[PDB]
2 protein chains.
Amino acid sequence: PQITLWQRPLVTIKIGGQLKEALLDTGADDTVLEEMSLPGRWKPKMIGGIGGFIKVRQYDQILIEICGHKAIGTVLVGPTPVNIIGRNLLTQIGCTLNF
Amino acid sequence: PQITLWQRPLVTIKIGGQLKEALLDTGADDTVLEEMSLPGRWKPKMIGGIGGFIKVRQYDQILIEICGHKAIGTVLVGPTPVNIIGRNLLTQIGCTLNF
Ligand SMILES: CC(C)[C@H](NC(=O)N(C)Cc1ccccn1)C(=O)N[C@@H](Cc1ccccc1)C(O)(O)C(F)(F)[C@H](Cc1ccccc1)NC(=O)[C@@H](NC(=O)N(C)Cc1ccccn1)C(C)C
């Protein structure tokens with residue numbers, strides 16, 4: 001699909017059997033979802049942005065589907081204001097910026 | 001041009017006639033630049049991100065050129081780690097996400 005940027009680029013993902021809405025974000029190196037139970041072990045990590053650092057749990061090799069495109073990769077879960085799909089999974093689904 | 005997302009999407013911009021580097025960020029509503037003195041009066045504003053809020057000064061009607069494409073709009077200046085070009089200016093240069 002070709003997404004214009006007049007509105008926030010929010011899409012539907014499927015994660016853990018669950019549907020959620022998430023922002024396609026080229027500024028983020030990582031994927032950060034709001035707090036949720038995923039199956040598997042996790043380890044604590046900190047990540048930062050404007051404002052500061054938050055503590056997240058890192059889960060590895062998680063399957064996700066973004067508009068029907070599968071990606072398998074690391075997902076951080078923590079008190080994010082919004083679910084963010086970062087470059088780790090955008091490259092998997094073949095996303096580019098074009099102008 | 002087309003930009004892959006294996007690396008952070010940093011490009012050169014020109015603002016006041018100097019080159020700087022900045023991240024093309026589809027997750028940002030606003031454009032946020034490193035501290036600089038611009039002529040012009042401003043309005044105070046608070047912006048949020050992952051870890052909390054910071055304070056910035058809002059200037060209106062700034063011309064930037066992103067990789068040769070002009071855009072004119074609001075810019076927020078404050079102590080950001082990175083210069084961020086958000087959607088407010090990305091739409092003006094005809095930027096899309098494609099997968
Ligand atoms: C710059 C801010 C104004 C902007 N806020 C914003 O647009 N809103 C609050 C409005 C909004 C937008 C969408 C939804 C809701 N509300 C913002 O931080 N928006 C970010 C996404 C987000 C939206 C809403 C709430 C929390 C995060 C973002 O798009 O700018 C981002 F995710 F790309 C920001 C851009 C950034 C990078 C580095 C430092 C500071 C900022 N990245 C991050 O926050 C991410 N951090 C990250 O990628 N880091 C630290 C590595 C990095 C990347 C690039 C360069 C250097 N270092 C985390 C999510 C893991």
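Below, each value reflects all heavy atoms present in this structure, side chains not excepted, and no hydrogens, waters or symmetry copies. Each chain gets a letter, A, B and so on, in the order its sequence line appears, and its residues count up from 1.
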- Do you know which of B:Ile54, B:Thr80, B:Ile50 has the most heavy-atom pairs with chain A at a distance under 4.5 angstrom? B:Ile50

- Task: Find out whether A:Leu90 and B:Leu97 are in side-chain contact, i.e. whether some heavy atom of one side chain is under 4.5 Å from a heavy atom of the other.
- Result: no

- To the nearest 0.5 Å, atom CG of B:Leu89 lies from atom CG of B:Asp30 at 9.5 Å

- Message: Does B:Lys43 have more than 12 heavy atoms from other residues, nucleotides or ligands lying within 6.0 Å of its NZ?
- Response: yes

- Pairs of heavy atoms under 4.5 Å with chain A: top-ranked of B:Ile84, B:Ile3, B:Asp29, B:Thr4: B:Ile3

- Taking atom NZ of A:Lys55 as the centre, does the number of heavy atoms from other residues, nucleotides or ligands within less than 6.0 Å exceed 12? yes

- Item | Side-chain donor/acceptor of A:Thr31 to backbone N/O of A:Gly86, under 3.5 Å | yes

- Message: For A:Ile93, which atoms come within 4.5 Å of any heavy atom of chain B: side chain, backbone, both, or neither?
- Response: both

- Item | Most chain B-contacting option - heavy-atom pairs closer than 4.5 Å, from A:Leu24, A:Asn98, A:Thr91 | A:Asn98

- Rounded distance [0.5 Å steps], CE in B:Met46 versus CZ in B:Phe53: 9.0 Å

- Item | Under 4.5 Å from any heavy atom of chain B - which part of A:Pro81 | side chain

- Message: Applying a heavy-atom distance below 4.5 Å, give me the residues of residues 10-23 of chain B that approach chain A, sorted by number.
- Response: B:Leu23

- Check whether more than 12 heavy atoms from other residues, nucleotides or ligands sit under 6.0 Å from atom CD of B:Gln7, and answer yes or no. no

- Task: Find the one option among B:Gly52, B:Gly94, B:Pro1 whose heavy-atom pairs under 4.5 Å with chain A are most numerous.
- Result: B:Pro1

- Any chance the side chains of B:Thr26 and A:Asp25 put a donor and an acceptor closer than 3.5 Å? no

- By a 4.5 Å heavy-atom criterion (distance strictly below it), what part of B:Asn88 contacts chain A: side chain, backbone, both, or neither? neither

